[PDB]
Amino acid sequence: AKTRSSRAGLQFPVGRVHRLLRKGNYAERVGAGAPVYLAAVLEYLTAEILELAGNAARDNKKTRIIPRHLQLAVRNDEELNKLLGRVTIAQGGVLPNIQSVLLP
Amino acid sequence: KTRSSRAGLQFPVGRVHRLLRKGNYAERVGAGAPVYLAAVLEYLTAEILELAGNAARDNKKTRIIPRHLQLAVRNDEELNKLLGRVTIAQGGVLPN
Amino acid sequence: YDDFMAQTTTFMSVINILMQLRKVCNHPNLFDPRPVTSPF
Amino acid sequence: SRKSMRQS
Amino acid sequence: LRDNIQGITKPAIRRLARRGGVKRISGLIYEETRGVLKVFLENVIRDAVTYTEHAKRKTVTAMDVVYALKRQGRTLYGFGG
Amino acid sequence: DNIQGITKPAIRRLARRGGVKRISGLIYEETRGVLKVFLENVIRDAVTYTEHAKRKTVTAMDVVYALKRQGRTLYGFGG
Amino acid sequence: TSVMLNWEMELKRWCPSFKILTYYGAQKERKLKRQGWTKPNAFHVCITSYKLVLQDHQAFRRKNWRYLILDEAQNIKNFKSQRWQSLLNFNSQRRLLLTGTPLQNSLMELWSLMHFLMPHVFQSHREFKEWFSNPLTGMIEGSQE
Amino acid sequence: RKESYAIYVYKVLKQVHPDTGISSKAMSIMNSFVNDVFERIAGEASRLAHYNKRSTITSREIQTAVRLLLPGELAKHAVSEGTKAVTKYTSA
Amino acid sequence: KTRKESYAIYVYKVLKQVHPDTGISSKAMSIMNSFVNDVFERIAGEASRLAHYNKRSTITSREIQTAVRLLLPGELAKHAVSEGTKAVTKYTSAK
Amino acid sequence: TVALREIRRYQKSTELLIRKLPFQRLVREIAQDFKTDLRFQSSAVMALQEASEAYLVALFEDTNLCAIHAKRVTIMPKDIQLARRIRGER
Amino acid sequence: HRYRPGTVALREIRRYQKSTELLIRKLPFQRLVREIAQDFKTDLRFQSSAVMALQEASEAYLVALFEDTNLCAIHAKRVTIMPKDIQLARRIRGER
Amino acid sequence: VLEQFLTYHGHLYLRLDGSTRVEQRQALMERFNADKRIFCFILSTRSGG
DNA sequence: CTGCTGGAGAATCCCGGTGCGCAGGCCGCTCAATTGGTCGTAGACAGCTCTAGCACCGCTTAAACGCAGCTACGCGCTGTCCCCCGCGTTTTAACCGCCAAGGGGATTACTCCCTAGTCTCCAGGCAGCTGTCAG
DNA sequence: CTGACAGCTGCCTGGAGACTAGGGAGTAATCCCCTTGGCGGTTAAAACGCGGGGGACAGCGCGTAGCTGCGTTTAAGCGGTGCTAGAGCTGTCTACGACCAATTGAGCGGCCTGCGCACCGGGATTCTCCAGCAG
Ligand SMILES: [Mg+2]
């Protein structure tokens, strides 16, 4: 018995994604490769955001990712900022940005 | 006997039921859900049509054109809020 | 006291009834002082 | 152990 | 519970403005901010109360608030869902 | 270079519809850029929709869906 | 806090030799008095209120105190209170609770004070409740012989 | 065969304004509006059902979706109309 | 005491693949789970709408690829499509 | 004087203010980059023109509001930049 | 000693932009939420998590609105933020 | 209510409802111990320290 | 009268140390992936059909561009004056702890029964066509 | 001439009619976790002055760059013609997914325990400020 995630080489669960797609009432039928593709895309997005979050955490001399690191990662990357534009991260704060005219 | 006529409405309760079933909203659709949805849609249609007809009368016309619908939507605050992010083709904008 | 005991069983909790009864036992003026009557 | 080509 | 809008305090609004990057604040900003926050809270709370009433519950859970914010277009992370 | 096809009087007409009284001379390039960005986004989404259907012709429904997903629904072409 | 002055007075009246430190004042004054207090033989006795210990628990918890004296220990009688939880793990070589009424409302207060003093003897509160609270309550209420 | 709400919109207009017509472009606008509000209400009902772990869409879900979507006066009038329609349907 | 499915272990595996040394807090893990759920809902809804538009009764790899193209910005979408197609090719090869 | 009359004339009207052929040429030029040899239905181009004109009118209204807030009658590119920045499309 | 105007404001700007803590006391916000909710339905209980989510969302909204207000104030060559700035920001945002 | 009743009966009294200042608490205590006219001193149990 | 540094006061920053509570792991347990089947059917793919989208012109003519003249206001420069900032001194309210008896009211689990779902058959609502008519 | 309403045609599909499986009510019943009127402290965030520095606001004087009027120059628009790439629709038939028994192991919480992290305490370094001085 070999899991579908192992066959596809991914870390996210293909079977769980298939169950969620079936039970989510999205279509009458769900294709075989759709959960694999969706798991791959989810894993890639998680990898990107976690890489940026870890870079922020290292820049902050911290080993564990806190929500502030995730917020800094999302807002500093233009593509992730566009993807998560209408999203508020709890205990995330804001980017340090003081306008030039206000400076002495 | 028609289900729409039985419910006392003008919208197609049967068609709404078929759309809810064929649509992937849920695996089960109750008996009263299509009736309620048809009633709500009929009420909204009647409201917007009455406002459009009043606007057309104010413009000395006898047919509802998209301009009349645009004016009716923008003049009524609740319908303007409902259709705030909606653009009407050949509708123009309110006088200013 | 009898009115509150009747209202106890029907929305006010047992703690609320308890406090109201304690106030009643203290003095009925704690709810409403006797009016000062004057002409209309 | 994992790197993304988006950051090159 | 009455006249609770004054709980939104003037230093609180000043702190929020400073986090927003405001350098100097006029004296009439506070009432406008109180009104804006009142409106926003009214909308979110109305949606959340509708969500709770649908579930035949009387306790407003965090999931209902998250759903209300998502419907308003202000999806919030970290509170489930 | 069809961006020059959006003539300065056309920009003035669009501004007047919006209740603008006076227009600076540098507004035209800025509004041309804004229209180019908006058109790029909408047309990119429409071409994605057209490709998904294995069609080589961008139908009006594709543009309607693109506008709807961009956050600005358009009435009158979907039915 | 009300007894803070009286205790300082008693310390000065009986043993003027002891270096008495009083933790009253605003944050700036408290920090000014704390300045250079890590040096040995800087203070012998420190007086502070339950409110100050609860609010400044991060500074006091870290230090290795010798004796920990709690005047009017009844403020610790509820283990669910923030004061009990905040003071439970304080670093003190020896502990001494001063009280007038070790029991006030129920035996759970007695367990709370004992646990605060000898945690390794009263590790469980539920077992203590089952052993003593239920039968003694039944006896007083007449539900048990 | 293509389905549209043109007939029902025309019937409603004749009910409310017997002597007032409607143009083809306006009829298309009306069809698009009806489809849009239908889809919005249905999606909210589906989300409400999924959130509450219910396999069936009932009248309660549609009512709650209507209350969530429509503004105040519109929402209350639509709720009254839907309740009246359901009451008439059940009593037959 | 009831099962609550979550992406905690999978997110941790991906984090260890990317950063073997860094860690994540409970609030941050909840935020990541919410982000994964939100992206899943977005892609699934877009795929369902795409299937409905083309009068198709199934969700395939093409629908999800188009959904990813529609949702994600340029480089993100391109790299995500590359990763997804690599995964699907490997899955088909493994049978 | 003439500006107000032009405002009223274009405000009462509903016809498309941008010429059809230049806008079609621009749409096709933009679409050429995404895919080669693309066909467009006429209704698609009409919808694109309607959406573009509505967006531009709304943006011009926001920029006029920004200019009025700056105690100016003329609209300047900084007004467009601030309107887009506040709206969130930036 | 007395710091010149604007320096302490910038210093607290940096302080409050470094941190992520909530800036409104929890009890006043809880009271305000209960007051607002009692109008829609009586006898409603709020979980603590729901109130915390409401406070986070409200603070984020107000921070974003203050950023827009400051941008409005820099426009028209000013430093102080005035109610007209908030009104302009809200009107451009599409509210009201 | 006790203030009203005692004044109606003419009994001189002092009152400490915990809201008085600490030095005023000490002053009231010393006055009660020194002045013999004050018949009663109505108090709140939870107060006084 | 004016630009410059110096000493100083406030403010972080930064290195040790250390308590704490939380993540990451490991362990039973089970339920939902997984594997091996059957078995309808969705659509993949030829193949046909006919629609409209593109490439062309010739004529109309109204709009757009350039040029000259011109003056209305955007902006720099002064002069306020008022009003909000920094900080010192005083208010008060989170908030924390009692004090109590019970009171919801989410949850898990059992049972059980109306009401959809699936299937069948048949007649009516409707898409659409052109004829006709008011505008 | 021209869109829109209507009489009529052909057809798909929604209205009756049956079983019936189960999704969704009743019914405990457990337990957590409060819940709130009245009390009493206790500071540390608020609240209130108030001197004044500087920024908002009101002018003034330009002087020029957007507005206006006129004449070309052109390019949009319209009218056929016309040619085909491609959208729309249909029959076969497989490949593929829906179910369904058996497995079975990967994923749930329960319980623990290092240790990452928050924070105290000197000492270091940095940022800002005016006074007095050099010119
Ligand atoms: Mg004592």
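Residues numbered from 1 in each chain as written, not as in the entry; some residues may be left out. Chains lettered and ligands numbered in written order. Part of a larger assembly, values for the part shown. Heavy atoms only, no water.

Under the annotation held in the PDB entry, chain L carries the name Helicase SRCAP and is attributed to Homo sapiens.

The name given to chain E in the PDB entry is Histone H4, with Xenopus laevis as the source organism. Listed under Sequence similarities in UniProt, the entry text for chain E is "Belongs to the histone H4 family." (UniProt positions renumbered as here; feature names shortened; annotations may be inferred.)

Draft legend 1. Structural view of the interface of chain I and chain A. Contacts between chain I and chain A engage 53 residues on the former and 53 residues on the latter. Around 5000 Å² of area is buried between chain I and chain A when both sides are counted, 73% of it from carbon and sulfur atoms. Contact with chain A buries surface across chain I, with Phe40(I), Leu76(I) and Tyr91(I) losing the most and accounting together for 14% of the total. Linking chain I with chain A are two salt bridges. If you look at where chain I meets chain A, you find 15 residue pairs in polar contact. Of all the elements in the fold, those that place two or more residues in the side of chain I that touches chain A are α1 (8-18), β1 (23-24), α2 (26-53), β2 (58-59), α3 (61-71) and α4 (74-94) of chain I. Sorting elements by how many residues they give to the side of chain I that touches chain A places α4(I) first, with 14 residues. Among the residues forming the side of chain I that touches chain A, the class breakdown is 28 nonpolar, 17 polar and eight charged. Relative to β1(I), strand β2 (residues 64-65) of chain A runs parallel, the two being bridged by two bridges. Looking across to β1(I), one finds that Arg64(A) is bridged to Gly23(I). (Contact = heavy atoms within 4.5 Å. Buried area = accessible area lost by both parts, 1.4 Å probe. Salt bridge = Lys/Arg side-chain N within 4 Å of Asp/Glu carboxyl O. Polar contact = N/O pair within 3.5 Å; in protein donor to acceptor, adjacent residues only side chain to side chain. Helix = DSSP H or I, 4+ residues; strand = E, 2+ residues; numbered from the N terminus. Nonpolar A, V, L, I, M, F, W, Y, C, P; charged D, E, K, R; others polar. Pairing = 2+ DSSP bridges.)

Draft legend 2. Main features of the coordination of the magnesium ion. The magnesium ion binds to the protein through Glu72(G) (OE) and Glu72(G) (OE); the donor distances cover 2.1 to 2.5 Å. Assignment of secondary structure puts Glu72(G) in the loop between β3 (65-70) and α5 (82-88). (Donors = N, O, S within 2.8 Å, 3.2 Å for Na, K, Ca; no water.)

Draft legend 3. Structural context of the protein's contact with DNA strand N. Around DNA strand N, 85 residues are found, and the nearest of them are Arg16(A), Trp37(G), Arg45(K), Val79(K) and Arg25(L). Within 4 Å of the protein, atoms of DNA strand N come from sugar and phosphate in 94% of cases. Within the side chain of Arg18(B), a nitrogen or oxygen atom sits 2.8 Å from a phosphate oxygen of DNA strand N. Taking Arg62(G), its side chain carries an N or O atom lying 2.8 Å from a base oxygen of DNA strand N. Of the residues that constitute the surface near DNA strand N, the class distribution is 17 nonpolar, 26 polar and 42 charged. (Near = heavy atom within 4 Å.)

Draft legend 4. Up close: the protein's contact with DNA strand M. In the vicinity of DNA strand M there are 78 residues, among which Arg61(G), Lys77(G), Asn105(G), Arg28(J) and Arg31(K) approach most closely. The contact in question runs from a phosphate oxygen of DNA strand M to an N or O atom on the backbone of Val8(K), over 3.3 Å. When grouped by side-chain class, the residues that make up the surface near DNA strand M number 19 nonpolar, 25 polar and 34 charged.

Draft legend 5. Focus on the side chain of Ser48(I). Its location among the elements puts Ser48(I) in helix α2. Here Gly45(I) takes part through its backbone oxygen, which lies 2.7 Å from a polar atom of the side chain of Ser48(I). Setting aside residues up to four positions removed in sequence, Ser48(I) forms contacts with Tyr26(A) and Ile59(I).

Draft legend 6. Representation of the nonpolar core in the model. Core analysis: the largest hydrophobic core is formed by 69 residues, its most contacted members being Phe12(A), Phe35(I) and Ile64(I). A per-element tally of this core places helix α3 (residues 33-59) of chain A first, with 15 residues. Beyond its immediate sequence surroundings of up to four residues, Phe12(A) is in contact with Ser5(A), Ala39(A), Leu42(A), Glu43(A), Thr46(A), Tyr7(I), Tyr10(I), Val11(I), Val14(I) and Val36(I). (Core = buried A, V, L, I, M, F, W, Y, C linked by side-chain atoms within 4.5 Å. Buried < 20%, exposed > 50% of the residue type's maximum accessible area, 1.4 Å probe, protein only.)

Draft legend 7. Broad picture of helix α4 (residues 83-93) of chain K. For α4(K), the full list of buried residues reads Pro83(K), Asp85(K), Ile86(K), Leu88(K), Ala89(K), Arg90(K) and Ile92(K). Directly beyond the C-terminal end of α4(K), a positive phi value near 95° is found at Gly94(K).

Draft legend 8. How the structure looks around α1(I). Regarding α1(I), the residues found buried are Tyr10(I), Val11(I), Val14(I), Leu15(I) and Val18(I). Viewed end-on, α1(I) has its buried residues packed into an arc of 140°, placing them on one side of the element. Contact partners of the buried residues in α1(I): α2 (14-23), α3 and β2 of chain A together with β1 and α2 of chain I. (Arc of directions from axis to C-beta.)

Draft legend 9. Local environment of the interface of chain B and chain H. Contacts between the two partners involve 55 residues from chain B and, on the opposite side, 54 residues from chain H. Together, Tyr25(B), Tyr36(B) and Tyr43(B) form the three largest contributors to the area buried by chain B at its contact with chain H, with a combined 15%. Remark: the boundary between chain B and chain H carries two salt bridges. We note a salt bridge from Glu3(H) to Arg18(B), for which the minimum N-O separation is 2.4 Å. Taken together, the links from chain B to chain H amount to 20 residue pairs in polar contact. For the side of chain B that touches chain H, the class distribution of residues is 33 nonpolar, 10 polar and 12 charged. Pairing between strand β2 (residues 63-64) of chain B and strand β1 (residues 21-22) of chain H: two bridges, direction parallel. When the bridges of β1(H) are listed, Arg63(B) appears paired with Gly21(H).

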